[PDB]
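# here are the coordinates; sequence isn't available:
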RNA sequence: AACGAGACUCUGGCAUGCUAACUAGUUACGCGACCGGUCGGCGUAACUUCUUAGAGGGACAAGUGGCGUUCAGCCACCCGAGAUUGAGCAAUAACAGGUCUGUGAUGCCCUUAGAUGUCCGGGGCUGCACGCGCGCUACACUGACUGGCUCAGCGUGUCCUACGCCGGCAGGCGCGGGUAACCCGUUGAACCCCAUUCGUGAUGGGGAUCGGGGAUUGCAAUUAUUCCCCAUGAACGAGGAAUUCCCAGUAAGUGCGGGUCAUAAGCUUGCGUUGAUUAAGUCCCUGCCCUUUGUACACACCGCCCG
RNA sequence: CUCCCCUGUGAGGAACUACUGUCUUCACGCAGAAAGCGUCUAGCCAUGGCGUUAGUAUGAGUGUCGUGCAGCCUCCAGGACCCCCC
RNA sequence: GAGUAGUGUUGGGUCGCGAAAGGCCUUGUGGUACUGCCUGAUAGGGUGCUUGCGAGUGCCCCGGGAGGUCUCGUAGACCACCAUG
Ligand SMILES: [Mg+2]
Ligand SMILES: [Mg+2]
């Protein structure tokens, strides 16, 4: 299933070369579920991310 | 009233996604007459989030060496490309830019992890601005590679690649590289 | 990154400390105050120092500043500090006390005090933190 | 508290407020022209917006709102010309860095009248089976050509060069101005902009290598100094392992000035013009810095030292 | 345990020719894959690039023939609904 | 009736837990909290769910009633080359 996500906070930048941003995800379905997630490119708080695999969790690079 | 290239209408177009609604421009205000505003959008972070999308497609079309400094080559080429598009599909050519941006942009992408020389990639997910940017990149590069020597006008070949990027066909070089990114994303997960 | 030199902050400290009455919360006000009060070369020095005199005043009206001592804000903090509620917090009709405290008072012949109330001793003994 | 960082000097951005300009223009009025205007066309009063350049103002994280031991300071917004202008100068120390070849700046050595001196005439630094390096130019359709339309700035000049006339083109002749905001010079530079011809092939893309001729410079050009006309028209199909430079009037394209210069910029040093993609983050790599730590080293790991 | 709002392709009609848009068949050029097989590179090693499979297997579109697919009416279904469960 | 009957145990005890039949002799308390499950009391001992975590909040039985994606915060990040000067 395809899902949507909301940015609650920006925590740090994960990467070897300092590539990924490690961001915190609310679900736009009004659910309270909170998952950390890796995102590439620029991110500011409040943005919406589209997840193709929505059950996956964030690991440290 | 504000009419793009004198014959178009910006305010009637539509955005179907929430992520790309906050970034993609030329809906409410930003709609201009001509692409070249010579403004500074690289001044501060995300200040280039707000510049006109047509200008955004415009800026990226100078991207190879001899064409580099010449901007007007583009506001020429983007001029004839739109006027071509309206003849084929028959819709507001600025709907075709929206759909090509929305569809061509990656969703998930791979970040290289390992030691140099050994590529082992892990799947992460694209940020909205990054989606827009990569998408447009893909559009301009697809147009170049497709138009190098087929003796096609870049007007003709970009209208081609844009309409095809909008429909979702594998004709577009864009949709191709996207589909590869998402598939590698699948490989890893 | 915009950060003030030792010169800037030291100067604005002494300027404020001497002239505290003449400065005001406006920038150009104290800018022209410092074109007079002190002697500074150039401009970008002047402007910065004054900016800090100002900033430091906006922190002064909040309360005591670590760097400066003025008798005027010593006096305003003599007003602010001095306070008292209509009755003392040390006045209660009933003050509760442990049997032993009552004993210690009984040594001093105060076992006759009226306001006292003897409260029940706590039966378990655990005052200690479970080591580990 | 002191030096280093900053401050500072030099450059760019602001000023319809000031000081003014016949060696810069403006507005106004005349004459001039061709159909009320258009004109770098000609002259007088009007003044500083333009054009210069002096004085001094202006920005100080300032104002508001967020993150902060509400502390530094960090983010967003407004008010604004400007919320990051680009260079110079550079401590305590050192390198056994480059410099007898920039010095009438030298300590030694050698040379000293068939001179390692100097001047004269030629040759040589330029040579060619090969490696390694900056840099130019291209691989074409966002392109080549052909006509047409309107743009810069820094500087250079007793040599820059106005206008004629002869010259297909390079060039000759001549007659003129300027030690320069006066004369070259309204510096009509290149892309770009508008029409035209070309049609995916070693093609008009690319032009090396050559064979003839004209003209310049110079005593002197053969070992083509350069420039110019015809021909000759070859490699080259976006470049393997590796790697270099770069964050905003910036990368890059594009011409232009100064240096070298009798004649010369594929170099340098500056100058404008057209003008972006992406990041506002991290120590992975590379590089140096601190801190802790071990040391039998201190001429300091190119150390010390055991048979 | 339902009922009834919108989606489907299961059956009947008009229409089907005229209307428009999509799947059939032929000429057309354009992108264009892999199982694998080899090679090169990460000190050793493909989970990568590049060669060969092949410009195959394919897919997006323009013009030919369809007597198609349809759009307009019904249900048979499927999902939003409810309930219910919490 | 009777803390008897019955029932129950580590060492004992003057025991712990705790009935009913039936009568008699005339009322035969109020106020006020809570309450997941297990064991053995609203005590003692284990053990939980609500949002990954930390807070809150709720979780005995019945009837009826309506109102519903409980609220606030939030790092929760973990997958051997090499002598000498
Ligand atoms: Mg490192
Ligand atoms: Mg020693």
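That came through fine. Numbers count the residues shown, from 1 in each chain, chains lettered A, B, ... in the order given. Ligands and ions are numbered 1, 2, ... in the order given.

# Let me see the ranges of the strands in chain B.
Taking DSSP state E as the criterion, chain B contains strands spanning B:108-113, B:120-126.

# Let's have these in a markdown table, adding distance to residue B:23 and mean neighbour count.
In this view, the C-beta of every residue, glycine as well, is placed from N, C-alpha and C. A markdown table is the format used below for the strands of chain B (distance: least, Cβ to Cβ, whole Å; neighbours: other Cβ atoms under 10 Å in any protein chain shown):
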| stretch | distance to residue B:23 | mean neighbour count |
| --- | --- | --- |
| strand B:108-113 | 17 | 19 |
| strand B:120-126 | 12 | 20 |
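
# Dump those strands into TSV; add distance to RNA strand E as well.
Putting the strands of chain B into TSV (distance: least, Cβ to the nearest atom of the strand, whole Å) gives the following:
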stretch	distance to RNA strand E
strand B:108-113	9
strand B:120-126	4
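
# out of those strands, nearest to residue A:39?
Closest approach to residue A:39 among these (Cβ to Cβ): strand B:120-126, 5.5 Å.

# Can you give the contact residues for the closest one?
A:20, A:37-41, A:49-53, A:59, A:61, B:105-114, B:134, B:184-189 (Cβ atoms under 8 Å, 6 or more residues apart in numbering or on different chains).

# quick one, what contacts the residue of chain B found nearest chain A?
When scored by Cβ to the nearest Cβ, chain B has residue B:130 as its residue closest to chain A, at 2.4 Å. Residues in contact with residue B:130 (Cβ under 8 Å, 6+ apart) are A:40, A:41, A:42.

# which residue sits closest to the residue sitting nearest the centre point of chain B, ignoring its sequence neighbours?
Centroid check for chain B by Cα atoms, centre = their mean gives residue B:136 as the closest residue, at 2.5 Å. With Cβ to Cβ, 6 or more residues apart in numbering or on different chains as the measure, residue B:60 is the residue that lies nearest to residue B:136, at 5.4 Å, once sequence neighbours are left out.

# For stretch C:66-82, what is the distance to the chain centroid?
Averaging C-alpha positions (Cα atoms, centre = their mean, to the nearest Å) puts stretch C:66-82 9 Å from its chain's average.

# cool, and stretch B:19-31?
Taking Cα atoms, centre = their mean, the mean C-alpha location of stretch B:19-31 is offset from the chain mean by 14 Å.

# contacting residues around it?
A:4, A:47-50, B:2, B:4, B:10-11, B:13, B:15, B:32, B:49-54, B:56, B:94, B:98, B:101-102, B:105, B:128-129, B:131-132.

# Now with 6 Å, please.
The contact list for stretch B:19-31 (Cβ atoms under 6 Å, 6 or more residues apart in numbering or on different chains) reads A:48, A:50, B:2, B:10, B:15, B:49, B:52, B:53, B:102, B:128, B:129, B:132.

# List the backbone torsions phi and psi for the fifth one.
In this case it means residue B:15. phi -120, psi 120 (degrees, to the nearest 10).

# Find the nearest non-adjacent residue to it, please.
Using Cβ to Cβ, 6+ apart, the nearest residue to residue B:15 is residue B:21, at 4.6 Å.

# From residue C:91, how far off is that neighbour?
65 Å (Cβ to Cβ, to the nearest Å).

# Show me which of these two is the more surrounded one.
Comparing residue B:21 with residue C:91 by neighbour count (other Cβ atoms under 10 Å in any protein chain shown), the higher total belongs to residue B:21, at 13 against 8.

# do you know how far the more buried one is from RNA strand E?
Distance of residue B:21 to RNA strand E, computed by Cβ to the nearest atom of the strand, to the nearest Å: 24 Å.

# Equivalent analysis for residue A:22, please.
Taking Cβ to the nearest atom of the strand, one finds residue A:22 at 23 Å from RNA strand E.

# Show me what the longest helix that chain C contains is packed against.
Longest helix in chain C by number of residues (criterion: DSSP state H): helix C:44-60. Helix C:44-60 sits against helix C:6-19, helix C:27-37, with contacts defined as 3 or more Cβ pairs under 6 Å, 6 or more residues apart in numbering or on different chains; DSSP states H and E.

# what's the angle between the first one and helix C:27-37?
Looking back up the chat, that one is helix C:6-19. 80 degrees (axes from the mean of the first three to the mean of the last three Cα atoms, to 10 degrees).

# Which residue is it, in chain C, that comes closest to RNA strand D?
Ranking the residues of chain C by distance to RNA strand D (Cβ to the nearest atom of the strand) places residue C:51 first, at 1.7 Å.

# would CSV of the strands of chain B with distance to residue C:104 be doable?
Putting these into CSV (distance: least, Cβ to Cβ, whole Å) gives the following:
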stretch, distance to residue C:104
strand B:108-113, 72
strand B:120-126, 70
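
# residues contacting residue 27?
This is for chain A. So residue A:27 contacts residue A:33 (Cβ under 6 Å, 6+ apart).

# Sorry, I should have been clearer: chain C.
Contacts of residue C:27 by Cβ under 6 Å, 6+ apart are residue C:54.

# Need phi/psi at the most centrally placed residue in chain A.
The residue lying closest to the centre of chain A (Cα atoms, centre = their mean) is residue A:37, at 3.5 Å. Dihedral pair for residue A:37: phi -150, psi 150, per degrees, to the nearest 10.

# Identify the bridge partners of it.
Taking DSSP bridges as the rule, residue A:37 bridges to residue A:23.

# Look up how far residue A:7 lies from it.
According to Cβ to Cβ, residue A:37 and residue A:7 sit 9 Å apart.

# go on, residue C:17?
For residue C:17, the distance to residue A:7 equals 47 Å [Cβ to Cβ].
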